[PDB]
């Protein structure tokens, strides 16, 4: 059976879509340790979001599956009989899932604790991590997009996917000839609007563009939206996620009948403060639960927040330098051979990252007998599953194949880089595989990857659901 599986993967990898590409492909029976297939297994390749595999494992080792994150509100002393504080501080400690509703509930606590007036200023404190918002070699042109959100200790997560540091922009058509209506979402009165967008004739071509030009906090909307068109909604990032958090907290406070009389900006708790009075707090869910939106949808911001959180835990330093070493050391402590690894970030956005397919599989084996193996496993996309929180980035891949419902695997695509790595359980042993593609010249070789995963599922003794 093994001899023929090698022939089959050989033929699959002979696909025209892999022209000029290097492909690291490694397959291991995780019970025996038997290497079933290996090709360029020790070759160093960009992993794209397969890099999140290393990050997730290290966060579970360093922080633990029980770990949660806090946000709190702090005045120098409690409110008076008059119900007055001076300056107020919103303080974030790396919560990657902090919502607008979470800010409202803390605003309700500030009120219920007897504040009616903030006489001084409101500060957003994100000093728990450094203020290095983006990695060195990330591309400025990617910066308006949610996957390239700025990294902060204090960031507002949008929606049930928990997309951090962004706002939802909605563009609605009006009468033909009238400007389109732009709704900045949460960033209303925070980000600036530059609306050059017109409403086009009914049935005209849609040419609408929503940008944030580099080094500005301005949403620039150009082009035409047809009068008959459906509204356009787009997640766009903001400059200084903490400042937007501070902004939304200001409104949250005011909405809960707390008057803020001064300004909103960045600032850390003075330390001059003998014993700061905590007027509100919030605790995230635990890391094991947070791992699901993180890994299923491949959240870049979560990953980089987890790295800085690892840096804080191992070193007291919310820093890429500190957190990345912490990743490496945790993986080493896990029994992983990190020789072939180059860690430049936690998400895999960086083109400075290198893995090898042998390293990936090594980790997949080591993660399988870790105490946290089940929380880790549950976080991965499941091939062909309809439910977005189950199937994730694999929800519309491998449906009606032997892989559907069985293959748990992490994805990762950029220009010239694609990857699929994970597990294949079955009647004939549980397998770990890594498929890493670099240097191909068109569309990501996703069908080739599906083909391999599918064959392995068949080999593991599975059949397509009908």
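Residue numbers count along the first chain shown, from 1.
Asker: Quick check: 413-421 versus 429-437, which has the larger average CA B-factor in the record?
Answerer: Stretch with the greater average CA B-factor: 429-437.
Asker: Take the C-alpha B-factors listed in the entry for 73-81 and for 296-304, compute each mean, and give the stretch with the larger one.
Answerer: Taking the mean C-alpha B-factor of 73-81 and of 296-304, the larger value falls to 73-81.
Asker: What third of the chain does residue 130 rank in for C-alpha temperature factor, lowest, middle or highest?
Answerer: Its C-alpha B-factor belongs to the lowest third of this chain's values.
Asker: Compare the C-alpha B factor of residue 194 with those of the other modelled residues in its chain, then answer lowest, middle or highest third.
Answerer: It belongs to the middle third of the chain when residues are ordered by C-alpha B-factor.
Asker: Per the entry's values, where does residue 273 land by CA temperature factor relative to the rest of its chain, in the lowest, middle or highest third?
Answerer: Its C-alpha B-factor, which the entry lists for residue 273, ranks in the highest third among residues of this chain.
Asker: For the chain shown, is the CA B-factor of residue 34 in the lowest, middle or highest third of its modelled residues?
Answerer: Answer is highest: the recorded C-alpha B-factor places it there.
Asker: Would you mind ranking residue 66 by its C-alpha B-factor against the rest of the chain and naming the third, lowest, middle or highest?
Answerer: It belongs to the middle third of the chain when residues are ordered by C-alpha B-factor.
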